[PDB]
């Protein structure tokens, strides 16, 4: 009953050119909807709308913005089934995956609303007499939000909700493979009645709409989640106008398993961590590193549970374990990873088959550091297991990557857990849990090739505000020039 459209300055509308393209399901290639194929003029219009809305939005008290976010939360709760349906048919997520995403998104919107009134500046001691010295927080301005296709709802809403809460306005460009999710977000914002221009949606190609957002002089900041190469490109283009950036660029997270673990539990945890959403998670456990003393048993248990994984049309029922990859390019790339691993002498323990956009888990042992699946982020269900002889070697292998997003160690020893946690080079780390733990208000982000900045709660606020030192001087004084006086 409704066409998919851009949302610009309070109005749903076609791209100026009228150009469109067809979004199909990764599940079966069926048509989902025609969606805009916007261009630079559409991006410019959204940016100008956001810019004209900015002062009114930034200057209302925080409690009024919080109220809008609470309304958004109420609208979101009414739309939950709609979001789950689209996350499954457009993104290929299983019932359990998209249920988790929608529950987390509810917490994210609520978290941003909760915190809006409480973002504080500081009162300082002055080293001078008769001086009041304080620091205010101010919003950065128009913020470009550019997002990926794997968790398109929760990742988008983490960025959008928190950015809006502290008084920025938004121009949002969803991933091209998940446009309907972005349009549903715009439906939600529109129903919550936010002032026109405060939130804008532009559906179109990254190299056109995204680039316009990243280079426009009225955009103050870009928050971006996607590939490291795209991130470096955006960071470079952002420099033209000195806009700041938040970049979350994926990972090759280590899951380190020591010899004192419950091996069956370790395997269960490892399967979930390494293969949930077909391993298409930035904090997926992408490199599994196991102590030689439990390695044989761990590998057997891990393969045992992998064998049980059910791959199917994610619309069929609520207990499907894995759906398809997002498109044919991903399948082609996973095939390259498997073929490379086998050519280099790796032992394919299980899996390897694919059909349409579906790709089975493919598990390797006997790998070395020159394997593509050890050197690159593997955004799909191909996973190496590396056996190490001690903790020193576990750490060396864990750190032998350009990435540095998250990581985890399983052990019951407090000394080994803390030493390894300290030594692993990552922006996040989890003792006795999955690598992709995430809460709405914690600093989420990485180091090294995994990006810059942190998002979540007040950390999102830190990214999209600045400090403003203000003083008041209550006495007159003599000045050193002209000295003759």
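Positions refer to the first chain, counted from 1.
Asks: Quick check: 249 to 257 versus 343 to 351, which has the larger average CA B-factor in the record?
Replies: Mean B over CA atoms: larger for 343 to 351.
Asks: Going by the mean C-alpha B-factor recorded in the entry, which is higher: 79 to 87 or 170 to 178?
Replies: Result of the comparison: 79 to 87.
Asks: Specify which of 156, 278, 150, 228 carries the largest Cα B factor in the deposited PDB entry.
Replies: Max CA B-factor in the entry, restricted to 156, 278, 150, 228: 228.
Asks: Among 383, 221, 138, 319, single out the one with the highest C-alpha B factor in the record, please.
Replies: Highest CA B-factor of the listed options: 319.
Asks: Is the Cα B-factor recorded for residue 335 in the lowest, middle or highest third of its chain?
Replies: As the PDB entry reports it, the C-alpha B-factor of residue 335 lands in the highest third of its chain.
Asks: So where's residue 128 on the chain's Cα temperature factor ranking, which third?
Replies: Highest third - that is where residue 128 ends up once the chain's C-alpha B-factors are sorted.
Asks: Lowest, middle or highest third of the chain for the C-alpha temperature factor of residue 406?
Replies: For residue 406, the deposited C-alpha B-factor lands in the lowest third.
Asks: According to the PDB entry, is the CA B factor of residue 191 in the bottom, middle or top third of its chain, that is, lowest, middle or highest?
Replies: For residue 191, the deposited C-alpha B-factor lands in the middle third.
Asks: Per the entry's values, where does residue 162 land by CA temperature factor relative to the rest of its chain, in the lowest, middle or highest third?
Replies: Within its chain, residue 162 is a lowest-third residue by C-alpha B-factor, going by the deposited values.
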